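Two forms, one chain: they're shown below as structure tokens, one block per form, named structure 1 and structure 2.
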Structure 1
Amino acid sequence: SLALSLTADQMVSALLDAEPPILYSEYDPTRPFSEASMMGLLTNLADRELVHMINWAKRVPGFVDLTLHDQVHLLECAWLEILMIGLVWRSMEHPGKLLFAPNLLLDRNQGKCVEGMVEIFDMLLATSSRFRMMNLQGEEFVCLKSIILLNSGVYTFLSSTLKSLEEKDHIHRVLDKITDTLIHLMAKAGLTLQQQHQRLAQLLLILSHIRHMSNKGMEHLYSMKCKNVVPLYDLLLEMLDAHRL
């Protein structure tokens, strides 16, 4: 019943099965986009995705073995990085555009409807372009998203005794299993050992850019919140506030 006894194939199957439902943006919005209407659509979508993210995280091998306090910390840390990697993945087949949902495809100029948004859209578009150049596969994407969940908040727990040490060790062992899984997928695809290590490094280095985008996205959302332009649900509010606490 342990995440640490899974084969690379069982890990991929568990991650694919964990996938949240596909959501559509709120039906028939008025034309054109105002700063308030664009922010409202994007945050309503983000809050609905966050509800399903909780269920997804509970299905990620090793997550439910952690304490409730630690599960809360990992999610509060990683939420926006996870929303962004999902967005970047969905947008790979739409050059120059972001597929927020199947009925919500935005171009960079539509990003200009919200102050400070176009700069974030550009970083997201660049990540989507990078994933396309790398020909990122679905099985690799699910490994990366689970790496974000487990890694993002792992260096920022308190020192909650020896239990905190046990928890961090557990997370690092699950992350090691995910590395083994990515390597297996690359080996099965016919990549040489040198190409396998090179590709693993390239994928993991992109996670540093996703972290940067999440920090910028966080500052932007807080600024939109403060200006009284967007109403927010408590789940999204709690996730955002964890980065101000």
Structure 2
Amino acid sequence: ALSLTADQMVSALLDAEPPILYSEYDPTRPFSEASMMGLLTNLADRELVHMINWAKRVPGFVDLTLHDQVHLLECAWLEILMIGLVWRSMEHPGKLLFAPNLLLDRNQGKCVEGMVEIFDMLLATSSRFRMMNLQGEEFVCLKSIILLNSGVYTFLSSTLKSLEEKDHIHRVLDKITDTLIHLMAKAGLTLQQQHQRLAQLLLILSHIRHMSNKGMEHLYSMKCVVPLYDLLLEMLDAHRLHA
């Protein structure tokens, strides 16, 4: 991923974008009958498959070992889901667009114990993105930095192959950084506004980590088996027979 221009990275990234999925409940039946967490859980599960495919199309991600790819995803999947939710809810003040047929507001989160607290953080993130006028080209860069950054510091020990992995990841990170600055420059930002905006975007990533951590806390004590590792492994370790 370190020979691709800023322009090839952005195009590679927009190309790789996953689809928008729909929630699965009969829209002919009433809403008092559906488990919101079941509806949200089931939505999240189906996105995971598409996330795995997206990640293989991120420049540099497949040059990694299968084990490392599983590690990065196992660390970042909730942050990745959450930055996607915030981005599609941007133009929907006061509401989170889980799916086009599932637009939920703050009181709708009160339905499940301790959830409105997560909602409130997600909605405020969305608010910030709106206010910053985050662009679609910038968002794809952000989402890819989260995939690459979130588990780089928790690789177990550090064998020689482990060291090259980390080196490789940091070099893809630098390239996406080059790409953000490039996108900002092309949009006519002064040098100063550039570094400033880069920093405001990257600091947002610290709030998303926060919501994910909080989110895992809340999930770990609900209904929503195989380790997530093992399931990620099966999904990523695919054959090439279907070529």
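Shifts are known only where both forms have a C-alpha. For residue numbers, the reference is structure 1: its sequence is counted from 1. So that the term is clear: the rigid core is the largest set of C-alpha atoms that superpose within 1.5 Å between two forms.
Q: Is the C-alpha displacement of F63 equal to or greater than 2 Å between structure 1 and structure 2 once the rigid core has been superposed?
A: After core superposition, the displacement of the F63 C-alpha between structure 1 and structure 2 stays below 2 Å, so no.
Q: After the core is overlaid between structure 1 and structure 2, has the C-alpha of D17 moved by 2 angstroms or more?
A: Comparing the forms between structure 1 and structure 2, which are aligned on their rigid core, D17 does not shift its C-alpha by 2 Å or more.
Q: Return yes or no for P32: a CA shift of at least 2 Å between structure 1 and structure 2, with the rigid core superposed?
A: The answer is yes, as the C-alpha of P32 shifts between structure 1 and structure 2 by 2 Å or more after core alignment.
Q: Please give the CA displacement of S159 between structure 1 and structure 2, in Å, after core superposition.
A: On core superposition, this C-alpha lies 1.8 Å from its counterpart.
Q: After superposing on the rigid core, how much does the Cα of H184 shift between structure 1 and structure 2, in Å?
A: That residue's C-alpha is offset by 0.3 Å.
Q: How much does the C-alpha of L240 move between structure 1 and structure 2, in Å, given a rigid core overlay?
A: Once the two forms are fitted on their core, the shift reads 16.7 Å.
Q: So which segments really shift between structure 1 and structure 2, if a segment has to be 3 or more residues long and each C-alpha must move 2 Å or more after the rigid core fit?
A: Core-superposed, the runs shifting 2 Å or more come out as 27-36, 229-245.
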